[PDB]
Each structure stands twice: as structure tokens, then as C-alpha cells.
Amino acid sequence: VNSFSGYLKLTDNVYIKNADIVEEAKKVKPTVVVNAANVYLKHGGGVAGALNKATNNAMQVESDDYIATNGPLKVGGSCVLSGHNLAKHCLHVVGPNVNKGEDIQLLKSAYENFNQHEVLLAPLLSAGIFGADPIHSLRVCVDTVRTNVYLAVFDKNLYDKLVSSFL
């Protein structure tokens, strides 16, 4: 049993809810929240901007030190940093950004990072401002992640379309 409430069950391991991911993290304090990161960990907008704002910019300060030491992530890659006031840990995952021309086949590699964690609160990778089709992102999620994932969909309209169209 876990703390997640109000989710629709899609599969054995994947759950979905219409929710602001910043508000869900604050309520649950999950072990892992996933950030929709870029390779520079520049948390300017979208999920990243919202998560970072909720940490009062402490996520960005920590991230800048990580990049200064390690250099940029890979598209499809990830790193584990603090969850600050939102979670124990933040898994920063880089899905491909279609608005930068990145290979959508890297979306599966991105989701494979989730398999290193038994339970996660996450957004749909490469969705929102990243430019990919969220229906496709949900399909890749279900067909890639084997650990227990609780997906937070920001738009109510999109949430209802993802559920209604789910095979």
C-alpha cells in the first residue's frame, strides 16, 4: 500500500491522475519525483520551471553545481539529485525535445531510467513544452516502465483524452 490517492489504474504498474505535479509532490512527499529536465538542468519553464519555483530556486542552485562538476546529461539520460521540499529525491530525466529536432526513439531510453526506482511520481516525458504527442508518450511509458509509476497530467482536457484513447 502507498499514499497516492485518486489515480485511475491503466495497467498492473501504471496509474494516472489529472493533477498539478507541484501540488501532488507537496501532498505525498514521494520517495522520487521525476523532473522533465533538459541536458543543462536549466529549469526555466514547464514542469522543470514549476518544480524549481516550488523549491524557491534551490533545485536550480543544486543543479548548477552538478553541471559545473559533471557536465551536461545525455538526451535519454538522468541524474538523481535532492527532492528538496517536494520529495526525498528528484530524478531529472531528459526526454527528447521535438522543438530542438531530437530523435523520438530516445523517449524509450528516457523512460528506462524509471526502472531504477521502485515507485515514482512523474509527468509524461517529452510531453507539454517538449513537443511530443502525449498519447505516444503514455504508450512508451506503459511499454517500457516496469516499476510503479504515478503519472500527473496538468491539463484536464488532455487527461480525459489520454484515458479515453488508452488501449
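In this text, residue numbers run from 1 along the sequence as written.
Check your understanding: Would 15-23 or 141-149 have the larger average of its C-alpha temperature factors, as given in the entry?
Key -> Result of the comparison: 15-23.
Review point. Which has the higher mean CA temperature factor in the PDB entry, 112-120 or 98-106?
Key: It is 98-106.
Point to revise | CA B-factor placement of residue 128, once the chain's modelled residues are sorted into thirds | key: Highest third.
**Study point:** CA B-factor ranking of residue 34, expressed as a third of its chain
**Key:** It belongs to the lowest third of the chain when residues are ordered by C-alpha B-factor.
Review point. Where does residue 68 sit by CA temperature factor within its chain: lowest, middle or highest third?
Key: For residue 68, whose C-alpha B-factor we compare with every modelled residue in the chain, the answer is the middle third.
Review point. Split the chain's modelled residues into thirds by Cα B-factor; is residue 28 in the lowest, middle or highest one?
Key: Highest third.
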